[PDB]
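Engineer: Let me begin by handing over the structure; questions about it come next.
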Amino acid sequence: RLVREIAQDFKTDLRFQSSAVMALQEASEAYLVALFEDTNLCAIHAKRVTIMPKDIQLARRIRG
DNA sequence: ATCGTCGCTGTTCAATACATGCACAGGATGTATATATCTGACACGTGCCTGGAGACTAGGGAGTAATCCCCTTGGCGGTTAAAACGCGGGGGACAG
């Protein structure tokens, strides 16, 4: 439903193949797992244990 | 005796000197700017030629319609795990 919502803002009356959604979910979770890995490394660098939004913002800024 | 005055002292009060917190001139070191000067890299002009333009053909790639059926959407209900809400406190964040 979320992907249909985001796509609805681009073009109306669209149908999705089930495999297309699964591929979007696979790449999305892999991106999010990789981001939290970089986020946890940033939080540990700040002598912390808890991840915080400033860690994600710094990580994505360095990533470009 | 009896009173007053003169040697011996402490205790407080005031005045002065010192120490600590704060701002404002004063210099010097760098930056910005003003100026003179000389330069070589850019812009133009010329001359020369290779790649773009023109004209035609042949041919297959793409556009077009007509049919197919596969895939996508959709609705429905049933247990069911996962989400959600709340509580309590501990250890992790954050500041000194």
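Chain labels follow the order of the structure tokens: the first chain is A, the next B, and so on; residue numbering restarts at 1 in every chain, and ligands are counted from 1 in their shown order.
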With only C-alpha atoms (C1' of nucleotides) considered, list every residue of chain B at most 10 Å from chain A, as a PyMOL selection string.
Structural biologist: chain B and resi 71-73+92-93
Engineer: What does the file look like for those residues with C-alpha atoms (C1' of nucleotides), as a PDB file, in the first residue's frame?
Structural biologist:
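As written to disk, selection-v8.pdb reads:
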```pdb
ATOM      1  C1'  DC B  71      -1.686 -11.993 -14.797  1.00  0.00           C
ATOM      2  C1'  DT B  72      -3.408  -8.694 -11.861  1.00  0.00           C
ATOM      3  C1'  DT B  73      -6.940  -6.902  -9.128  1.00  0.00           C
ATOM      4  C1'  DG B  92      22.703   5.077  29.218  1.00  0.00           C
ATOM      5  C1'  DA B  93      22.954  10.038  27.781  1.00  0.00           C
TER       6       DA B  93
END
```
Engineer: Could you tell me how far atom CA of residue 46 of chain A lies from atom CA of residue 62 of chain A, in Å and to one decimal?
Structural biologist: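 Spanning atom CA of residue 46 of chain A to atom CA of residue 62 of chain A is a straight-line distance of 15.7 Å.
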Engineer: Set the distance at 10 Å and use only C-alpha atoms (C1' of nucleotides): which residues neighbour residue 52 of chain A once local chain neighbours fewer than 3 positions away are removed? I'd like the list as a ChimeraX atom specification.
Structural biologist: /A:39-40,42-43,48-49,55-57
Engineer: What does the file look like for those residues with N, CA, C and O atoms, as a PDB file, in the first residue's frame?
Structural biologist:
```
ATOM      1  N   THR A  39      25.048   3.553  10.660  1.00  0.00           N
ATOM      2  CA  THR A  39      24.555   4.371  11.764  1.00  0.00           C
ATOM      3  C   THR A  39      25.105   3.890  13.099  1.00  0.00           C
ATOM      4  O   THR A  39      25.524   4.703  13.931  1.00  0.00           O
ATOM      5  N   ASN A  40      25.127   2.573  13.318  1.00  0.00           N
ATOM      6  CA  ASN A  40      25.656   2.047  14.572  1.00  0.00           C
ATOM      7  C   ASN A  40      27.146   2.336  14.701  1.00  0.00           C
ATOM      8  O   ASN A  40      27.632   2.631  15.799  1.00  0.00           O
ATOM      9  N   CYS A  42      28.668   4.939  13.479  1.00  0.00           N
ATOM     10  CA  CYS A  42      28.778   6.353  13.821  1.00  0.00           C
ATOM     11  C   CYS A  42      28.467   6.590  15.293  1.00  0.00           C
ATOM     12  O   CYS A  42      29.156   7.370  15.961  1.00  0.00           O
ATOM     13  N   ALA A  43      27.430   5.930  15.814  1.00  0.00           N
ATOM     14  CA  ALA A  43      27.062   6.113  17.215  1.00  0.00           C
ATOM     15  C   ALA A  43      28.159   5.612  18.145  1.00  0.00           C
ATOM     16  O   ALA A  43      28.438   6.232  19.178  1.00  0.00           O
ATOM     17  N   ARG A  48      29.045   6.389  22.228  1.00  0.00           N
ATOM     18  CA  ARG A  48      27.662   6.127  22.594  1.00  0.00           C
ATOM     19  C   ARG A  48      27.304   4.687  22.254  1.00  0.00           C
ATOM     20  O   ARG A  48      28.072   3.960  21.618  1.00  0.00           O
ATOM     21  N   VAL A  49      26.115   4.278  22.692  1.00  0.00           N
ATOM     22  CA  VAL A  49      25.611   2.937  22.421  1.00  0.00           C
ATOM     23  C   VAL A  49      24.274   3.058  21.701  1.00  0.00           C
ATOM     24  O   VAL A  49      23.898   2.190  20.904  1.00  0.00           O
ATOM     25  N   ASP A  55      23.183  10.602  13.883  1.00  0.00           N
ATOM     26  CA  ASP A  55      24.070   9.588  13.324  1.00  0.00           C
ATOM     27  C   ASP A  55      23.676   9.244  11.891  1.00  0.00           C
ATOM     28  O   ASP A  55      24.540   9.135  11.013  1.00  0.00           O
ATOM     29  N   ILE A  56      22.377   9.065  11.638  1.00  0.00           N
ATOM     30  CA  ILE A  56      21.910   8.780  10.284  1.00  0.00           C
ATOM     31  C   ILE A  56      22.187   9.961   9.363  1.00  0.00           C
ATOM     32  O   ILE A  56      22.616   9.788   8.216  1.00  0.00           O
ATOM     33  N   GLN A  57      21.946  11.181   9.851  1.00  0.00           N
ATOM     34  CA  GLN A  57      22.167  12.363   9.025  1.00  0.00           C
ATOM     35  C   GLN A  57      23.634  12.508   8.644  1.00  0.00           C
ATOM     36  O   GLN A  57      23.954  12.833   7.495  1.00  0.00           O
TER      37      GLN A  57
END
```
Engineer: Would you give me, as a PDB file with C-alpha atoms, in the first residue's frame, the residues in segment 27-58 of chain A that DSSP reads as alpha helix (DSSP H)?
Structural biologist:
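Final output, result_10.pdb:
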```
ATOM      1  CA  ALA A  27      16.293  -3.559  -2.011  1.00  0.00           C
ATOM      2  CA  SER A  28      14.604  -1.328   0.572  1.00  0.00           C
ATOM      3  CA  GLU A  29      15.364  -3.597   3.535  1.00  0.00           C
ATOM      4  CA  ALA A  30      18.931  -4.176   2.333  1.00  0.00           C
ATOM      5  CA  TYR A  31      19.428  -0.410   2.076  1.00  0.00           C
ATOM      6  CA  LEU A  32      17.965   0.069   5.561  1.00  0.00           C
ATOM      7  CA  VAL A  33      20.069  -2.712   7.098  1.00  0.00           C
ATOM      8  CA  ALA A  34      23.202  -1.239   5.507  1.00  0.00           C
ATOM      9  CA  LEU A  35      22.226   2.239   6.723  1.00  0.00           C
ATOM     10  CA  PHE A  36      21.781   1.086  10.327  1.00  0.00           C
ATOM     11  CA  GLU A  37      25.162  -0.658  10.131  1.00  0.00           C
ATOM     12  CA  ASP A  38      26.782   2.651   9.195  1.00  0.00           C
ATOM     13  CA  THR A  39      24.555   4.371  11.764  1.00  0.00           C
ATOM     14  CA  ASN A  40      25.656   2.047  14.572  1.00  0.00           C
ATOM     15  CA  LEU A  41      29.305   2.587  13.630  1.00  0.00           C
ATOM     16  CA  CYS A  42      28.778   6.353  13.821  1.00  0.00           C
ATOM     17  CA  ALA A  43      27.062   6.113  17.215  1.00  0.00           C
ATOM     18  CA  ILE A  44      29.894   3.977  18.605  1.00  0.00           C
ATOM     19  CA  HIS A  45      32.401   6.519  17.262  1.00  0.00           C
ATOM     20  CA  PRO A  53      19.030  10.812  14.158  1.00  0.00           C
ATOM     21  CA  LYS A  54      22.248  12.855  14.049  1.00  0.00           C
ATOM     22  CA  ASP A  55      24.070   9.588  13.324  1.00  0.00           C
ATOM     23  CA  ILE A  56      21.910   8.780  10.284  1.00  0.00           C
ATOM     24  CA  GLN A  57      22.167  12.363   9.025  1.00  0.00           C
ATOM     25  CA  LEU A  58      25.964  12.311   9.271  1.00  0.00           C
TER      26      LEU A  58
END
```
